[PDB]
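Taking it in order: structure first as structure tokens, then the write-up.
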Amino acid sequence: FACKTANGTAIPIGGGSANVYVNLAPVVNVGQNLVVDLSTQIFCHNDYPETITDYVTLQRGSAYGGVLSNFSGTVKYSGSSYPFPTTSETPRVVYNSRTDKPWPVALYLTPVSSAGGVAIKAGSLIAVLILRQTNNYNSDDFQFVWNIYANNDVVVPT
Ligand SMILES: OC[C@H]1O[C@H](Oc2ccc(-c3ccccc3)cc2)[C@@H](O)[C@@H](O)[C@@H]1O
């Protein structure tokens with residue numbers, strides 16, 4: 001089991017970490033969602049589906065910088081919504097193919113009432129998402145750590 005980003009940055013068998021730089025909607029109003037869809041950014045696969053089944057969860061999702069200070073968050077994992085920053089490990093998504101399958105993670109961030117102006121700074125860390133991978137074959141329990149950075153400023157009109 002291993003993962004890679006859209007630009008081809010890989011995290012190999014055994015886990016590790018990678019930086020993910022994402023484009024954000026430049027203008028987000030109060031009452032609207034800023035959507036950070038990682039399913040277009042992160043792809044994983046099973047290296048031995050003939051014999052092994054892989055289990056993948058969002059173990060933990062943390063908010064940083066402007067997202068932590070200026071947004072109320074929800075994370076959608078494989079069709080279900082949970083608080084973001086997270087309060088528990090999600091259910092599993094099964095990986096049973098050698099063909100790449102997106103990691104079905106999306107952040108839904110809406111501005112808090114106090115937000116206004118540059119709510120996210122370009123180049124700043126906005127989130128850390130931990131993909132936890134196990135299986136039905138051995139004792140492997142690996143973390144794939146995804147550090148999410150903003151490519152641009154995000155303004156909340158006042
Ligand atoms: O995706 C599946 C797994 O791929 C890796 O582990 C193994 C472990 C054993 C074998 C193997 C076993 C018998 C004969 C030949 C190869 C192949 C892969 C490792 O990533 C792991 O966590 C992940 O569940």
Inset, instruction - Would you check if residue 99 is part of a loop (DSSP other than H, G, I, E, B), among the polar types (S, T, N, Q) and without any contact (Cβ under 8 Å) to a residue 40 or more places away in the chain? - result: no
Inset, instruction - Output the residues belonging to the range 134-158 that are touching a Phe, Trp or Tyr at 6+ places or on another chain (Cβ under 6 Å) and of a type in the set (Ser, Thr, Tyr). - result: 134, 149
Inset, instruction - Kindly provide the set of residues from the range 48-71 that are closer than 21 Å to residue 141 by Cα, among the aliphatic types (A, V, I, L, M) and not in a loop (DSSP other than H, G, I, E, B), ordered by number. - result: 56, 58
Legend entry - Cβ pairs under 7 Å, 6+ apart, first in the range 122-142 and among the hydrophobic types (A, V, I, L, M, F, W, C), second within 8 Å of the ligand (Cβ to nearest atom): 142/14; 142/133
Inset, instruction - Could you check how many residues of the range 102-127 are part of a strand (DSSP E or B) and not hydroxyl-bearing (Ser, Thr, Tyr)? - result: 13
Legend entry - Enumeration of residues in the range 1-36 that are under 30 Å from residue 51 (Cβ atoms) and outside any strand (DSSP E or B): 1, 6, 8, 9, 12, 13, 14, 15
Inset, instruction - Determine whether the range 72-80 contains at least one residue that is within 16 Å of the ligand (Cβ to nearest atom), outside any loop (DSSP other than H, G, I, E, B), touching a residue at least 12 places away in the same chain (Cβ under 8 Å) and surrounded by 12 or more Cβ atoms within 10 Å (Cβ to Cβ). - result: no
Inset, instruction - Would you check if residue 54 is among the acidic types (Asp, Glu) and within 16 Å of the ligand (Cβ to nearest atom)? - result: yes
Legend entry - Among (1) in contact with an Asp or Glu (Cβ under 8 Å, 6 or more places away or on another chain); (2) in a helix (DSSP H, G or I) - the single one residue 39 does not satisfy: (1)
Inset, instruction - Kindly provide the set of residues from the range 87-137 that are more than 14 Å from the ligand (Cβ to nearest atom) and small (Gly, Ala, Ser), ordered by number. - result: 88, 106, 113, 114, 115, 116, 117, 119, 122, 123, 124, 127
Legend entry - Filtered residues of the range 119-155 (kept if closer than 18 Å to residue 56 by Cβ and exposed (fewer than 14 other Cβ atoms within 10 Å of the Cβ)): 136, 137, 138, 139, 141
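FYI, it's all coordinate maths here, none of it is from the lab. With ideal geometry, Cβ positions are generated from the backbone for all residues, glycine too; neighbour counts draw on all protein chains shown.
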